[PDB]
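One chain follows as structure tokens, the form deposited in one PDB entry.
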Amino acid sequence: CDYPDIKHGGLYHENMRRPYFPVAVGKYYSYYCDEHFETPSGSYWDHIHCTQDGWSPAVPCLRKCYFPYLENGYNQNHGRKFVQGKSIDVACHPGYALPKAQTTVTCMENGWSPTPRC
């Protein structure tokens, strides 16, 4: 495996490790995830492994979306963390709604889609 291109993250001790690539199958390194992202284990860091099929995890950093405060909406989901791919229905106050007749928001690689607002 050559130097891992960790989209939305990176290796710890980058400077020390960079000169010694490529690495053999079975080698592994500690890595972190950037702001708005996390590892599949739900942490800010883990180890990335050089396997016969390349680097594992294949998607080392997943978007995490925090449900925002809704003015003119119900705030039962306020606080709550959602992982990339997860969706949630938006409950608005009477007389308010999500734009474009939308009913749910989804955590995409770039954040909430659409933006959760009533």
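Basically, rigid core = biggest C-alpha set you can superpose within 1.5 Å across the two forms. Residue numbers run from 1 along the displayed sequence.
- Averaged over their C-alpha atoms, the temperature factors of 44-52 and 67-75 are higher for 44-52.
- Look at the mean CA B-factor for 88-96 and for 26-34 in the entry; the higher one is 26-34.
- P4 sits in the highest third of its chain by CA B factor, as recorded in the PDB entry.
There is another form of this protein, the form deposited in another entry, and it is not shown here; the text below is about that form.
- Candidate set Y28, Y66, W45, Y74; criterion, C-alpha shift of 2 Å or more between this form and the one not shown after rigid-core fit; matching residue, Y74.
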